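Here we start with a single chain on its own, the form deposited in one PDB entry, put down as structure tokens.
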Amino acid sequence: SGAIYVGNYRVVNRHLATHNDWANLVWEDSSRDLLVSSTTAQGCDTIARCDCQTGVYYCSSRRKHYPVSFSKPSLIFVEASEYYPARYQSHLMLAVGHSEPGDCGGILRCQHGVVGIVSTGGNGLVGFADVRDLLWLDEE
């Protein structure tokens, strides 16, 4: 579990969005596994605006942050998980690391701020849904 709290936005994995998220919906994309809802209180996170390929992510199933190198966001085939079938996911970055279903929502961060959230796992990789292209998160 986990979210990004930027401005008056909450960014969550679409597959973990709540009824309140859907009732306060800003934007969602199944192909990216992302959903954004509106919040009453402003949040503490800053979104990275960069093309870094190195950062640190939080792994809840290890209670640990790990430094990783990761691929640039792309359209990638993802094998079946507990929460999605085997399918293509867009805007997905991969690193070598540990990721189980409940790790979804852990933050990946670089020197510029939040890069994305854990979205995929298995076979010794962790996949992250990028948010650096969502420039509208920084205003309004």
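Here the rigid core means the biggest group of C-alpha atoms that line up within 1.5 Å when the two forms are laid on top of each other. Quick note: we count residues from 1 along the sequence shown, nothing fancier. Residues that one form lacks are left out of the comparison.
Form solved in complex with a small molecule: not shown, discussed below.
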Inset, instruction - Consider residue 101 of the chain shown here, and say whether it contacts the small molecule in the deposited complex, taking contact as heavy atoms within 4.5 Å. - result: yes
Inset, instruction - Using a core superposition, identify the member of 41, 75, 96, 80 whose Cα displacement between the shown form and the other one reaches 2 Å or more. - result: 80
Inset, instruction - With the core superposed, could you pull out the runs of three or more residues whose CA atoms all shift by at least 2 Å between the shown form and the other one? - result: 79-87
